[PDB]
Amino acid sequence: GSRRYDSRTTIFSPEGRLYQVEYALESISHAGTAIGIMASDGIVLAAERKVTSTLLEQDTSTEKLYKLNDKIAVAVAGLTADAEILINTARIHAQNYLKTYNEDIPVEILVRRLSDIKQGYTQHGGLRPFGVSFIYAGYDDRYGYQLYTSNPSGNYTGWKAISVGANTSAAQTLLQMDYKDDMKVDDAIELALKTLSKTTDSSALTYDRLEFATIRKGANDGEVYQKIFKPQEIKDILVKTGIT
Amino acid sequence: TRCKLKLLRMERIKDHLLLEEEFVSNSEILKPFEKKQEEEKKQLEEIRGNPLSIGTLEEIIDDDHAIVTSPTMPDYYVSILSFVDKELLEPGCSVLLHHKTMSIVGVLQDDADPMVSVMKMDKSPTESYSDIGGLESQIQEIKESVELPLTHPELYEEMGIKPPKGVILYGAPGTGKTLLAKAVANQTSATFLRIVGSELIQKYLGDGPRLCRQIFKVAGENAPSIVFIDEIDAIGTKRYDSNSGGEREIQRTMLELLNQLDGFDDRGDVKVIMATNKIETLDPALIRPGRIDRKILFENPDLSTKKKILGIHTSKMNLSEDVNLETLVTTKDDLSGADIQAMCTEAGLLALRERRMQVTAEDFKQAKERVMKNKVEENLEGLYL
Amino acid sequence: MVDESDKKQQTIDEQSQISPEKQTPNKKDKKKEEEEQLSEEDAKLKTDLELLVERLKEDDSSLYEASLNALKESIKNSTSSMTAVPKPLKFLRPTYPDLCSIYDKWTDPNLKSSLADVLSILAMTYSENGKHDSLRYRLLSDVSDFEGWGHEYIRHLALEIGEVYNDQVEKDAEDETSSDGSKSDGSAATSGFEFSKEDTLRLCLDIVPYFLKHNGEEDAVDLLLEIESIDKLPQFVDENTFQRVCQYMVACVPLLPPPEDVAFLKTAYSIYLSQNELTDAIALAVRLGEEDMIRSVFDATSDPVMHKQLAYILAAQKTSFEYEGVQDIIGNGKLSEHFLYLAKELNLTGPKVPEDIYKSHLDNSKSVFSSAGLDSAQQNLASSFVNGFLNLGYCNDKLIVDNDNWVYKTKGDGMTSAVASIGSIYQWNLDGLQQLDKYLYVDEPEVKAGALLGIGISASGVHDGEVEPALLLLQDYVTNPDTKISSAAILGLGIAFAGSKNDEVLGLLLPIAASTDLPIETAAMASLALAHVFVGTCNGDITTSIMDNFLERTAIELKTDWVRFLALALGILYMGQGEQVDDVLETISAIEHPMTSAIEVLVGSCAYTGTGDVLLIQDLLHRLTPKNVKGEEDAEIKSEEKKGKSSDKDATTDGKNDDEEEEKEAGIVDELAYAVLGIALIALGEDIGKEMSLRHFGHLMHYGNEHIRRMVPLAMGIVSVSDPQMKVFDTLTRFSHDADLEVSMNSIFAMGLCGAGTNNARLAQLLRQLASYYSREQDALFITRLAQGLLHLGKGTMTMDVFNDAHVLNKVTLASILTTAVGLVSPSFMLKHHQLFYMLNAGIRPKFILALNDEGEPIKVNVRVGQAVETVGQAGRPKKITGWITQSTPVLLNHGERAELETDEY
Amino acid sequence: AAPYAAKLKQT
Amino acid sequence: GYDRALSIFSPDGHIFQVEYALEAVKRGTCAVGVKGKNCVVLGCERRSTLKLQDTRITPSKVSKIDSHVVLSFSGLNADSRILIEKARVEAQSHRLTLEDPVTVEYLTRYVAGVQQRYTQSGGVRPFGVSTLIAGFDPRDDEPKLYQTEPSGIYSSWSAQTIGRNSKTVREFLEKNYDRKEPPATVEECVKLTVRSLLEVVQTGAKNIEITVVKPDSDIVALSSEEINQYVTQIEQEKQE
Ligand SMILES: [Mg+2]
């Protein structure tokens, strides 16, 4: 109630709902929008950039998008500072598993382990929760293309499409409204660009404000090919979709 | 409906009859002026030149003189002359004094102040019992403390237990706490005093403690009674800060009421209704059971409760019989009874924008969206993690 | 718009956004312009009718304001159309709803008054063809469901209510009343009422009694009668319709005058008889008091089941409850002819089973030898009497009584009252006769009179058991010419057999001692003895009593008190109906004296009953006149003056009471509300009104059987400690008595302590202490209420001893009479057929004060009790059946009825 | 309906 | 207050963090266990009202600890992930060292030991999950039902409910089940668990999840159509 107690993870709020976790939501939402749409013929990851300065080189930074391995890519939203520990561990853990069984990591595994460190910091150690949400885009042959989200609390839920960070509600109202159930991969790109232009300050959705990647099962002979699009290929496709 | 019509017919022939009777009865020709009246009258005009400057009788000395303080800083050692018995006058009484020479010409005052009249609000309770859509179970806790000794003294007397002193109403607004207060008031037909606690927060010197004493005097005089100290916490736990001259007043008022609530013993014939939002997260100032006895927490309305409230409202509406009532209440989470009240009001407002005089079948399913969304925003509950 | 190109059906569509206004020049300009075009309008008539349905789909004010601009002007004779007599007639049908729309739905006062007339003709003229019936019908039945029809149908019928109200408002009535300008009865309007009513029993609960009451005639309930009898099972279930009937009748009935007031009850009774439930119907049979009607219902109950089961038991118990006992004797002979068992039925119809159930109860409440009262002086007399009053109903106090010491220690006339009060220990029961019989043979004339009175009080527990008849004891002492002995004894006969009619009672009382031959006050008691007999049923208004009142009154008028006894007695005799009491009102009024006019007012109070319209106003013109005579002055002979003044004050309260008992329960709160303001008004008005009015005020509270029992009795009592008269404590406290150890818990401490304290006359002491002790009943021992049985506002038969004696100055001779207080209140027991005592569960709601219960429909919330309980006046009264655990249906359906429960347990 | 509205207004 | 300490023993005798755990159990899904003579039926809510959710990869609330040991839970999903992992490892540990298949009763204790340990060790919160651990003992075919609490202790009941609106469910369990006799037939037993869950779900095919665990490693989760069949039959009775 009055005396808000939250110094440590171990110390409970009267409410029972740890305030440090509450503050984590605020932070996630501070960062701009990122969006994952899972399609039957690829996954599409499309986001508006955090940065906005033209002096600062927006172009070479794919702050949102880092690949952890050949099949798995993650979109990142929250605290940059904290985040940097977790992205790095995740890559090494993936390569540790490939060492052991000499197979790509299952998507489900890789999330559940990372979520469990996030819990670890509330379960024991005064150490703050590392308040970060990733959208995981991965492929395994257990379930095909898989998409996950992770809560700062340290739990995960699968999704057909999800939005993270800022203005989650608005992007969410649009996606569900015009949702096409099957989802074609071409379609997902179009649909994504429409949602971002409405939530993005520039309504012409400049290329220099855009990060884009497409992971495709629609890549020759039925295989998974990750392709990071540069700012120059974003620009060419911007004129294809016609917002500019 | 019909039950109400039956009553109108009787009420309009009672008034008429009375009014006509009254002319004669009061007098208009009766004009008592026979020896007993004439005496009083003659004397009263003679003795009393007016205006008459009131006093307070401080003490008596037996020799038909009194010592009174007039409103003037000089006090006056007066004769008692005429009218009022010496015995009947007890110290602390307010008195009429004659302006030419100060003499005790009588009493008709009894320390009448305008403050008592203001407080006095016996006036027609807007609630009868069970007009309210509230649940039988909540009202039959207030009733148990307050009603039940007045209606059946047999059981309390026989057990030998004392009649309870006070209740505390706390909720949860939109549980109709003050509705409950005036449901109780109707049934008892007791002198229903009301005072709001912010009138006892002032910079004015010592006025709070003076007001506190008045309240106990008033209730006792007009007993049996219910004293609604509404927002008791205004004096108490609730604040008006002390870097505003409050380092004097608030302390003195809180203590004063506290001291009189215990007294030398609980009165046990003055019922209290104490209102406060809740004293769960606030400090407690209502000082332990036995002086406040049973304390009443009103539930937040569940699904069955709001059915009963809802039934009142749907009666006036037309085209809500085809609308399934049951599904509107369920779909919404458990929430205030105020929110069902809000919905009915919005519903009509909304029909008018569609252009339908009373609600359409469609209008009611729609009504729920606007009210639920507005209320959940206003008051956000902890999100499950 | 109004254009003479908007006639086309081409413009239906283009217009219809705004509001259809195709109709407007189509029935306006075409009608005027050519009369070939009325036939053309007939072909277009089909289109125009559907437009009305479209404008009732969306109900809004805009599309009624906008559509009509001159559809309002044009109806038939506006446009001077009358051509082919058929065409404009069919053109009345579309323009009729049109008017109804702009009258109300868009709010406008002027149009309500002005078009009220226009509209009613149009409906009357066209309903004769029966084609207005058809226009009404399509919105009544809602084949197409919309908001429009729900307010349109209300309008059509609003106008009909207008037509029958014209009969009530003016004698001119009919057409000549031009608020409508359409007759109440014809060959076109009547066929409209009926048709509307059938449909609207289904659709509304409250438009139907609206038509009934404003008509103010039995013509309204005849059309209903036949309708209800069609609608009773098919349209809605027998039980649900049965509810509708009980609502309807109570709303219309208080208003109407005495000849028709009764007519609404005969119609209701007959409906109830026809429907399966006769539980309500038996009630109505009590009210009229016709012997014929009790025979009919009673047989109707018994005839369906040819074995005892629930059927015979139900019949018997319903009659038992009414302790008038008139019904019981009527019911026995049907039951006795079948002969499943002779004895059990006679006992159970009779009051013998009511004696037995109480015996069980006493044990619980705990048998006491408790006495109250103090030694020495006039309290030495009191203490003895008071033991009686405290041991209300049947109780063991055998050992206290067995001492002859206490009895012989009483002095004077007080000895008489002592032996009578021993009967009050044994009230409602034969057992305890033996102690009394002893007194009857031995010592003083005084105790012989006392023994006989008390044997009366005790034998009340019979009147149709015919086990130890009152007659056996009581005959012999009539023959003994000593006045005191005979008087106790022939009053006694009156009480014991009570209301019941039997050969024995008539033949005992055929000789009366009321004559000028004994000037003695105590001879008056013959006519008073007669009064018990007649009450509780339709009076003969027996002429024997009229003759003897007159004789004795004229001859000796020196003694006011003698003749007051006679006058109030004739008054009591009269209770139960007013109709034949009107007729004999003339007989008395022919002879006139200042003395006669004491009688006029009293018998008038019974007589004019059957309406509050006349009754209430009349007894207030009378209250006014004393004030006026005195105010003028301000700006044998003695015996005449005194009587006049005292009777007038008495009659005023009495009339109010008669009104409230007969009329609805809304009238009880209301009369009481007049009453309290009234005190201030009479205190102002006179010194004499101040004293006297107090005494009757406590009797108002009790006879009226007031809802509220909280603040008002306590206000009055506090106020009269100071004020003269302590006989106000006696009258008031019997109200306070009906809810024991509640109002009376207060009474005992306040009055009984202060009375002893401030003592300055022992006579006053006696009055105060006697009321305060009586009012209490040790740990809720039997209570005496006005309720006769199912009636709770029933005409009193043995509780009108209070009416007689509050009026007259207090006396030592009074103290004897006052021991009578017979009318005990049955516990409520679930019974089936094995008579297993006590209730399983029943609801009581002890929170009643509400003046918006008037239907007679229990406040169904209750709080559930499992213990048997007496029925507490207006604090316990509402009664629901609760026995659903073993799965049951009411066979006796409670209505807050005093009656014991009966159910069919599966 | 309407003739019983005016009964309230008088009261 | 004393919510900032665990080491501090508190004269209230009640450490607030412990109280707060209970608040957390309440909030979670309702999870119910009712046992026959030959079965444990676990009826539980799984929410699925979430828009744009691919239901396939969303974890079912029931998690196989062992081959014949199952767990349902009420309370925070994140905190609950630690119990499931410790308990799985220990499962296989048991076989590795005793050879003996998992004693359920050991396992009940092992789990509670962890919620206990952390009450004593400062700087480690007590978990705000209560669980149902149910199974069948080595060499036995009698059903075994346990609940654990965040008070760091354990107990066995004949049938028990935890999570949101548990008050409502408890009345049902008193009147339709008995300790004295459990419903002897599997079938009886399943139909009552569906009726209990309906009281708080108020109609849902996938909102109701039924997993029946039988002896000898028999785990099968009831078919959506069969669940639907329990509902319709029950719903006919409701208007009678
Ligand atoms: Mg309020």
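- Regarding how it was determined, this PDB entry cites cryo-EM in its header, along with a resolution of 7.7 Å.

1. Focus: the sheet that holds strand 1 (residues 34-39) of chain A
All names here are of chain A.
Turning to step 1, where the next piece is worked out: Taken in spatial order, the 5 strands of this open sheet run 8-1-2-9-10, and their pairing is antiparallel. For this open sheet the edge positions go to strand 8 (161-164) and strand 10 (223-229), each flanked by a neighbour on one side alone. If you compare each strand with its neighbour and ignore which way they point, the axes differ by 10° on average.
Turning to step 2, where the next piece is worked out: The sheet contact formed by strand 9 (residues 210-219) and strand 10 spans 6 bridges and is antiparallel. From the neighbouring strand, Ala219 faces strand 10, where its bridge partner is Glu223.

2. So, the side chain of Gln23 of chain C
Turning to step 1, where the next piece is worked out: Within the element layout of this structure, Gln23 of chain C appears in helix 2 (residues 23-26).
Turning to step 2, where the next piece is worked out: Ignoring anything within four residues of it in the chain, the contact list for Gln23 of chain C reads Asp48, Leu51, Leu52, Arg55 and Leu71 of chain C.

3. Considering the pairing of strand 4 (residues 94-98) of chain B
Where a strand is regular, its side chains alternate between the two sheet faces.
Residues and elements named next belong to chain B.
Turning to step 1, where the next piece is worked out: In terms of burial, strand 4 is a largely internal element, 5 of the 5 residues being buried.
Turning to step 2, where the next piece is worked out: Neither face of strand 4 is open: one carries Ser94, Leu96 and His98, the other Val95 and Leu97, and all of them are buried.
Turning to step 3, where the next piece is worked out: In the sheet, strand 1 (residues 52-61) pairs with strand 4 via 5 bridges, with the strands oriented antiparallel. Across the sheet, the residue bridging to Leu52 is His98, located in strand 4.
Turning to step 4, where the next piece is worked out: Both strand 4 and strand 5 (residues 103-106) contribute to a ladder of 2 bridges, which runs antiparallel. In the strand pairing of strand 5, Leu97 is matched with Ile104.
Turning to step 5, where the next piece is worked out: Hairpin remark: strand 4 followed by strand 5, antiparallel, with 4 residues in the connecting loop.

4. With respect to the UniProt feature "binding site: ATP" in chain B
All names here are of chain B.
Turning to step 1, where the next piece is worked out: Here, the residues flagged by UniProt with the feature "binding site: ATP" are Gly171, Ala172, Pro173, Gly174, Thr175, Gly176, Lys177 and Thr178.
Turning to step 2, where the next piece is worked out: Considering the arrangement of structural elements, one finds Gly176 in the loop between strand 6 (167-170) and helix 6 (177-188).
Turning to step 3, where the next piece is worked out: Its relative accessible area of 19% is what places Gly176 among the buried residues.
Turning to step 4, where the next piece is worked out: Within the element layout of this structure, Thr178 appears in helix 6.
Turning to step 5, where the next piece is worked out: Judged by relative accessible area, which is 45%, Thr178 ranks as partly exposed.

Basis of the calculations
- Residues numbered from 1 in each chain as written, not as in the entry; some residues may be left out.
- Chains lettered and ligands numbered in written order.
- Part of a larger assembly, values for the part shown.
- Heavy atoms only, no water.
- Pairing = 2+ DSSP bridges.
- Helix = DSSP H or I, 4+ residues; strand = E, 2+ residues; numbered from the N terminus.
- Axes fitted to C-alpha atoms, helices over the stretch in contact; angles between N-to-C directions.
- Contact = heavy atoms within 4.5 Å.
- Buried < 20%, exposed > 50% of the residue type's maximum accessible area, 1.4 Å probe, protein only.
- UniProt positions renumbered as here; feature names shortened; annotations may be inferred.

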